[PDB]
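The structure under discussion appears below in the form of structure tokens.
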Amino acid sequence: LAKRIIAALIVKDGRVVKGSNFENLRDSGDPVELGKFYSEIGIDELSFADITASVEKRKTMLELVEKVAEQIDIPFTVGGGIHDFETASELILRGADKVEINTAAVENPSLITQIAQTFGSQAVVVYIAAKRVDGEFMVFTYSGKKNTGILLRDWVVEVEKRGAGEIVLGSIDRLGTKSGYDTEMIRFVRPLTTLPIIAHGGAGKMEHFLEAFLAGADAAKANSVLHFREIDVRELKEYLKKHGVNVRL
């Protein structure tokens, strides 16, 4: 019933893509050092998205979750190119608390159930990339390239039915725009599912977070606005608690 602030880091070959602005770390491109720092200053969870050349990807993603699990204590999700049960399983066993799946889940919905039966719904996070097309919310796969023809409304329902723990709701429209979260999309989805909704795409200033939590989101995923300190984590939670948002310290 508390809201969460989730720091999201894109990584490739064990490196924070386009790094960060905290000069106070020996390495501002070290995902591990950044992520532990974010944990100290009050990030509620981490989320790593790997985009490594698929040849060294599997080894590289397991290297990362191991390195991370050694140094941090808050939940963290790992995602990106996870296509089957065994890849998710070894990533969780190696340290990750949850995995984030999207395209594999749309093509094979039972993949949500298979991961959940062994690691529990809490470990399965489904990323839903939606966009408005002819007045309807549509689900997109392959990093935005494929309109699946599936309605957001139906996918959200099926994703809970299959046993997902949480849903990351990405507004494609708003991705990388600093214009605010797609609160219209969030309000559309909110009554369709009992699951936690993690809002992604559009953050630019602290009030967007208030707007998003007012819309019904249980958490907020945030990317470059964090790393380039266009928003401070402490000021944000200050702000939201001040205006009645139930955040943790």
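So for the sequence shown, the entry's author numbering puts the first residue at 2; every next one is plus one.
From the three backbone atoms N, C-alpha and C, an ideal C-beta is built for every residue, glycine too.
Query raised in the report: With respect to the alpha helix (DSSP H) encompassing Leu153, which residues constitute its N-terminal and C-terminal limits?
Result: Taking the first residue of the sequence shown as 1, we reach residue 153 at position 152. First-last of the alpha helix (DSSP H) with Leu153: 153-163.
**Report entry** Alpha-carbon to alpha-carbon, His201 and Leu176
**Finding:** By 1-based counting over the sequence shown, the position of residue 176 is 175. By 1-based counting over the sequence shown, the position of residue 201 is 200. Each residue's alpha carbon lies about 8 Å from the other.
Query raised in the report: Quick one: what's got a C-beta closer than 8 Å to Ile232's C-beta in the same chain, skipping five residues either side?
Result: The residue you call residue 232 lines up with position 231 of the sequence shown. Closer than 8 Å at the Cβ level, and outside the excluded window around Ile232, lie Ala204, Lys206, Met207, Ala223, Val226.
**Report entry** For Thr142: DSSP bridge partner residues
**Finding:** Your numbering for residue 142 matches position 141 in the sequence shown. DSSP, once it has assigned bridges, lists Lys147 as partnering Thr142.
Query raised in the report: Would the beta-carbon of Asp45 fall within 8 Å of that of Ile75?
Result: Here residue 45 is taken as the residue at index 44 of the sequence shown, counted from 1. Here residue 75 is taken as the residue at index 74 of the sequence shown, counted from 1. Their beta carbons are under 8 Å apart, which means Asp45 touches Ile75 by this criterion.
**Report entry** Closest residue to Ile199 among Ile116, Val134, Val157, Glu41 (Cα-Cα distance)
**Finding:** Numbered from 1 along the sequence shown, position 198 holds the residue referred to as residue 199. The shortest C-alpha separation from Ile199 is found at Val157.
Query raised in the report: Grouping DSSP H, G and I as helix and E and B as strand, with all else coil, what is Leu250?
Result: For the purposes of this step, residue 250 is taken as residue 249 along the sequence shown, with counting starting at 1. Correct three-state label for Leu250: coil.
Query - Own chain residues within Cβ distance below 7 Å of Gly43, not counting five before or after - result: Start at 1 with the first residue of the sequence shown, and residue 43 comes out as number 42. Contacts found: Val234, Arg235, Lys238, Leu250.
Query raised in the report: Relative to the alpha-carbon of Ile187, which residue among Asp155, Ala117, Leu2, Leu215 has its alpha-carbon at the smallest distance?
Result: The count along the sequence shown starts at 1 and reaches residue 187 at position 186. Of the candidates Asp155, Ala117, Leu2, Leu215, the one whose C-alpha sits nearest the C-alpha of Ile187 is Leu215.
Report task. Return yes when the Cβ of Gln118 is within less than 8 Å of the Cβ of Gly166, no when it is not. Result -> Position 165 of the sequence shown holds residue 166. Position 117 of the sequence shown holds residue 118. Contact: no.
Query - Ordered list of alpha helix (DSSP H) runs contained in the stretch 43-78, each at least 4 residues - result: 55-72
Requested in this report: State the Cα-Cα distance for the pair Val100 and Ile168, rounded to the nearest angstrom.
Outcome: For the purposes of this step, residue 100 is taken as the residue at position 99 of the sequence shown. For the purposes of this step, residue 168 is taken as the residue at position 167 of the sequence shown. Rounded to whole angstroms, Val100 to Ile168 spans 11 Å at the Cα level.
Report task. Can you give me the Cβ contacts of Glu57 inside the same chain, cut-off strictly under 8 Å, excluding the 5 residues immediately before and after it? Result -> For the purposes of this step, residue 57 is taken as residue 56 along the sequence shown, with counting starting at 1. Result list for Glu57: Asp14, in chain order.
Query - Where the alpha helix (DSSP H) containing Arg188 begins and where it ends - result: Taking the sequence shown and counting its residues from 1, one reaches residue 188 at position 187. Looking at the DSSP string, the run of the alpha helix (DSSP H) that includes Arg188 is 184-190.
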